[PDB]
$ cat my_file.cif   # mmCIF, N, CA and C atoms
data_upload
loop_
_atom_site.label_atom_id
_atom_site.label_comp_id
_atom_site.auth_asym_id
_atom_site.auth_seq_id
_atom_site.Cartn_x
_atom_site.Cartn_y
_atom_site.Cartn_z
N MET A 1 -82.23 72.50 -29.23
CA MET A 1 -83.15 72.86 -30.33
C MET A 1 -83.05 71.86 -31.48
N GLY A 2 -81.83 71.46 -31.81
CA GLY A 2 -81.63 70.54 -32.89
C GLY A 2 -81.56 69.12 -32.41
N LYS A 3 -80.64 68.35 -32.96
CA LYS A 3 -80.47 66.94 -32.61
C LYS A 3 -79.08 66.48 -33.01
N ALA A 4 -78.27 66.16 -32.02
CA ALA A 4 -76.91 65.73 -32.26
C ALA A 4 -76.88 64.24 -32.54
N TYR A 5 -77.17 63.88 -33.78
CA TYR A 5 -77.15 62.50 -34.20
C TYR A 5 -75.96 62.22 -35.09
N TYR A 6 -75.19 61.23 -34.71
CA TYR A 6 -74.05 60.82 -35.49
C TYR A 6 -74.31 59.45 -36.08
N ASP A 7 -74.12 59.33 -37.37
CA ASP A 7 -74.33 58.08 -38.05
C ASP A 7 -73.04 57.28 -38.01
N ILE A 8 -73.05 56.22 -37.22
CA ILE A 8 -71.87 55.42 -37.00
C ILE A 8 -71.89 54.16 -37.85
N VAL A 9 -70.74 53.79 -38.35
CA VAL A 9 -70.61 52.59 -39.15
C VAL A 9 -69.83 51.56 -38.38
N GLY A 10 -70.31 50.33 -38.38
CA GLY A 10 -69.66 49.31 -37.62
C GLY A 10 -68.99 48.29 -38.50
N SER A 11 -67.68 48.27 -38.43
CA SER A 11 -66.86 47.35 -39.17
C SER A 11 -65.54 47.18 -38.45
N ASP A 12 -65.17 45.94 -38.19
CA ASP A 12 -63.93 45.63 -37.50
C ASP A 12 -62.72 45.94 -38.38
N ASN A 13 -62.97 46.25 -39.63
CA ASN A 13 -61.89 46.62 -40.52
C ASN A 13 -61.94 48.09 -40.87
N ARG A 14 -63.14 48.66 -40.91
CA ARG A 14 -63.30 50.06 -41.30
C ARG A 14 -64.31 50.74 -40.39
N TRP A 15 -63.84 51.42 -39.37
CA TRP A 15 -64.72 52.08 -38.44
C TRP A 15 -64.78 53.57 -38.75
N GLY A 16 -65.98 54.13 -38.83
CA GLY A 16 -66.08 55.52 -39.19
C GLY A 16 -67.29 56.21 -38.59
N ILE A 17 -67.15 57.52 -38.33
CA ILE A 17 -68.24 58.33 -37.78
C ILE A 17 -68.67 59.39 -38.79
N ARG A 18 -69.93 59.38 -39.15
CA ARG A 18 -70.47 60.37 -40.07
C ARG A 18 -71.45 61.29 -39.34
N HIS A 19 -71.17 62.57 -39.34
CA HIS A 19 -72.10 63.52 -38.73
C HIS A 19 -73.27 63.70 -39.65
N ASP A 20 -74.44 63.33 -39.18
CA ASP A 20 -75.65 63.41 -39.96
C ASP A 20 -75.99 64.88 -40.19
N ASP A 21 -75.55 65.38 -41.33
CA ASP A 21 -75.75 66.76 -41.72
C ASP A 21 -77.21 67.03 -42.04
N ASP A 22 -77.93 65.99 -42.37
CA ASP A 22 -79.34 66.09 -42.68
C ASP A 22 -80.13 65.29 -41.66
N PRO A 23 -80.73 65.99 -40.66
CA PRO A 23 -81.49 65.36 -39.56
C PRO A 23 -82.42 64.23 -40.01
N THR A 24 -81.91 63.00 -39.95
CA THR A 24 -82.68 61.83 -40.33
C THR A 24 -83.80 61.54 -39.33
N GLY A 25 -83.51 61.74 -38.06
CA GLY A 25 -84.50 61.53 -37.03
C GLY A 25 -84.54 60.09 -36.53
N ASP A 26 -83.67 59.24 -37.05
CA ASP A 26 -83.63 57.85 -36.63
C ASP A 26 -82.53 57.60 -35.63
N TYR A 27 -82.90 57.54 -34.37
CA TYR A 27 -81.96 57.23 -33.32
C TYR A 27 -82.71 56.75 -32.10
N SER A 28 -82.19 55.73 -31.45
CA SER A 28 -82.85 55.21 -30.28
C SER A 28 -82.84 56.25 -29.14
N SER A 29 -81.71 56.94 -28.99
CA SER A 29 -81.55 57.97 -27.97
C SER A 29 -80.23 58.70 -28.19
N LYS A 30 -80.12 59.92 -27.66
CA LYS A 30 -78.91 60.71 -27.78
C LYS A 30 -77.75 60.01 -27.08
N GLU A 31 -78.01 59.53 -25.86
CA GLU A 31 -76.99 58.85 -25.08
C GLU A 31 -76.61 57.56 -25.74
N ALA A 32 -77.59 56.87 -26.33
CA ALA A 32 -77.34 55.60 -26.99
C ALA A 32 -76.38 55.77 -28.15
N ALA A 33 -76.52 56.88 -28.86
CA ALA A 33 -75.66 57.15 -29.98
C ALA A 33 -74.25 57.43 -29.51
N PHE A 34 -74.10 58.36 -28.56
CA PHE A 34 -72.78 58.68 -28.02
C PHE A 34 -72.15 57.51 -27.28
N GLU A 35 -72.95 56.84 -26.46
CA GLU A 35 -72.48 55.71 -25.68
C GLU A 35 -71.93 54.62 -26.58
N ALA A 36 -72.73 54.21 -27.55
CA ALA A 36 -72.31 53.18 -28.48
C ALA A 36 -71.15 53.64 -29.34
N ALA A 37 -71.21 54.90 -29.79
CA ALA A 37 -70.18 55.46 -30.64
C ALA A 37 -68.82 55.46 -29.94
N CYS A 38 -68.78 55.99 -28.72
CA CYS A 38 -67.53 56.03 -27.97
C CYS A 38 -67.06 54.62 -27.61
N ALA A 39 -68.02 53.75 -27.27
CA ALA A 39 -67.71 52.38 -26.92
C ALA A 39 -67.06 51.66 -28.09
N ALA A 40 -67.67 51.80 -29.26
CA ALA A 40 -67.14 51.21 -30.48
C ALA A 40 -65.79 51.81 -30.85
N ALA A 41 -65.66 53.12 -30.61
CA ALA A 41 -64.41 53.83 -30.90
C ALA A 41 -63.27 53.27 -30.09
N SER A 42 -63.54 52.96 -28.83
CA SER A 42 -62.53 52.41 -27.97
C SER A 42 -62.03 51.08 -28.53
N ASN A 43 -62.98 50.23 -28.94
CA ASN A 43 -62.66 48.93 -29.53
C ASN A 43 -61.91 49.11 -30.84
N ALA A 44 -62.33 50.09 -31.63
CA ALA A 44 -61.73 50.33 -32.92
C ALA A 44 -60.24 50.62 -32.79
N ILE A 45 -59.91 51.57 -31.95
CA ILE A 45 -58.52 51.94 -31.74
C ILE A 45 -57.77 50.80 -31.07
N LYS A 46 -58.46 50.13 -30.16
CA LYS A 46 -57.89 49.01 -29.42
C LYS A 46 -57.45 47.87 -30.35
N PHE A 47 -58.27 47.56 -31.34
CA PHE A 47 -57.97 46.46 -32.26
C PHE A 47 -57.22 46.95 -33.51
N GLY A 48 -57.01 48.25 -33.62
CA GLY A 48 -56.30 48.79 -34.78
C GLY A 48 -57.21 49.04 -35.96
N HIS A 49 -58.49 49.17 -35.68
CA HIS A 49 -59.49 49.44 -36.70
C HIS A 49 -59.25 50.81 -37.29
N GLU A 50 -59.32 50.91 -38.62
CA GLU A 50 -59.13 52.18 -39.29
C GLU A 50 -60.17 53.18 -38.79
N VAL A 51 -59.72 54.38 -38.46
CA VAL A 51 -60.61 55.41 -37.97
C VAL A 51 -60.90 56.46 -39.05
N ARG A 52 -62.16 56.61 -39.40
CA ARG A 52 -62.56 57.59 -40.39
C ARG A 52 -63.47 58.62 -39.74
N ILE A 53 -63.05 59.87 -39.72
CA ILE A 53 -63.83 60.91 -39.12
C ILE A 53 -64.44 61.76 -40.21
N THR A 54 -65.74 61.67 -40.37
CA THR A 54 -66.41 62.49 -41.33
C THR A 54 -67.56 63.22 -40.66
N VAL A 55 -67.28 64.41 -40.20
CA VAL A 55 -68.30 65.21 -39.54
C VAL A 55 -68.40 66.63 -40.14
N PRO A 56 -69.22 66.81 -41.19
CA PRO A 56 -69.40 68.13 -41.83
C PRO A 56 -69.97 69.16 -40.85
N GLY A 57 -69.46 70.38 -40.93
CA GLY A 57 -69.92 71.42 -40.05
C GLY A 57 -70.14 72.73 -40.78
N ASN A 58 -69.34 73.74 -40.45
CA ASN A 58 -69.48 75.06 -41.06
C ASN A 58 -68.90 75.06 -42.47
N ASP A 59 -68.23 73.98 -42.83
CA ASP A 59 -67.63 73.84 -44.14
C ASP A 59 -68.68 73.37 -45.16
N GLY A 60 -69.85 73.02 -44.66
CA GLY A 60 -70.91 72.56 -45.52
C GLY A 60 -71.79 73.69 -46.00
N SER A 61 -71.21 74.57 -46.81
CA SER A 61 -71.94 75.70 -47.35
C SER A 61 -73.09 75.24 -48.25
N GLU A 62 -72.82 74.22 -49.07
CA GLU A 62 -73.81 73.68 -49.99
C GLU A 62 -74.98 73.05 -49.24
N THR A 63 -74.68 72.41 -48.11
CA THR A 63 -75.69 71.77 -47.30
C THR A 63 -76.31 72.73 -46.30
N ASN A 64 -76.33 74.03 -46.66
CA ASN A 64 -76.92 75.10 -45.83
C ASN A 64 -76.51 74.99 -44.37
N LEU A 65 -75.24 74.62 -44.15
CA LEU A 65 -74.70 74.46 -42.81
C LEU A 65 -75.40 73.33 -42.06
N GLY A 66 -74.97 72.10 -42.33
CA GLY A 66 -75.56 70.94 -41.69
C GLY A 66 -75.05 70.74 -40.28
N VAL A 67 -75.24 71.76 -39.46
CA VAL A 67 -74.80 71.71 -38.09
C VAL A 67 -75.93 71.22 -37.20
N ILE A 68 -76.89 72.13 -36.92
CA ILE A 68 -78.09 71.85 -36.09
C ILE A 68 -77.81 71.02 -34.81
N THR A 69 -76.57 71.06 -34.34
CA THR A 69 -76.18 70.30 -33.18
C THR A 69 -76.20 71.17 -31.91
N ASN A 70 -77.38 71.33 -31.35
CA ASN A 70 -77.55 72.12 -30.14
C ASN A 70 -78.80 71.66 -29.40
#

$ encode --input "my_file.cif" --output "C-alpha cells"
Amino acid sequence: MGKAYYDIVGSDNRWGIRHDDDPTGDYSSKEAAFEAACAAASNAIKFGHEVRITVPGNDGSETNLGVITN
C-alpha cells in the first residue's frame, strides 16, 4: 500500500541510511533502492566507512508516524 523508500547517502567517509518518513516518490525502483543500499553497505563496512542508521518509525509521533512501509 505504501512505499518502502530509503534515502541513502553515498560517501566513502560517511555512509548513512535515512528512512524517508515523508514519501518523496523519487526512486528508480524498490529493488534498486535495496540492492544499491545493501551493496553500498557492504562496501561501507568493508572499507571502514562510518555507518549512520537513521530510520524513523513509530517514534515519529510528530511526523504522524512516518512509517507507510508496506

$ residues_around --input "my_file.cif" --residues "residue 26 of chain A" --least-positions-apart "3" --cutoff "8 Å" --atoms "all atoms listed in the file" --output "list in words"
residues 5, 23 and 29 of chain A

$ resolve_selection --input "my_file.cif" --expression "the PyMOL selection byres (((chain A and resi 7 and name CA) around 10) and name CA)" --output "PyMOL selection string"
chain A and resi 4-6+8-10+16-21+24+26-27+33+37+54-55

$ atom_distance --input "my_file.cif" --atom1 "atom CA of residue 32 of chain A" --atom2 "atom N of residue 45 of chain A"
18.6 Å

$ axis_aligned_box --input "my_file.cif" --around "segment 51-59 of chain A" --padding-each-side "8 Å" --output "lines of an AutoDock Vina configuration file"
center_x = -64.9
center_y = 64.7
center_z = -41.6
size_x = 26.4
size_y = 36.7
size_z = 23.2

$ select_by_dssp --input "my_file.cif" --residues "chain A" --states "helix (DSSP H, G or I)" --output "JSON, numbers by chain"
{"A": [30, 31, 32, 33, 34, 35, 36, 37, 38, 39, 40, 41, 42, 43, 44, 45, 46, 47]}

$ resolve_selection --input "my_file.cif" --expression "the PyMOL selection byres (((chain A and resi 50 and name CA) around 10) and name CA)" --output "ChimeraX atom specification"
/A:11-16,44-45,47-49,51-53

$ resolve_selection --input "my_file.cif" --expression "the PyMOL selection byres (((chain A and resi 63-66 and name CA) around 9) and name CA)" --output "NGL selection string"
:A and (19-23 or 56-62 or 67-69)

$ select_by_dssp --input "my_file.cif" --residues "chain A" --states "strand (DSSP E or B)" --output "count of residues only"
15

$ atom_distance --input "my_file.cif" --atom1 "atom CA of residue 1 of chain A" --atom2 "atom CA of residue 30 of chain A"
13.1 Å

$ atom_distance --input "my_file.cif" --atom1 "atom CA of residue 3 of chain A" --atom2 "atom CA of residue 36 of chain A"
16.5 Å
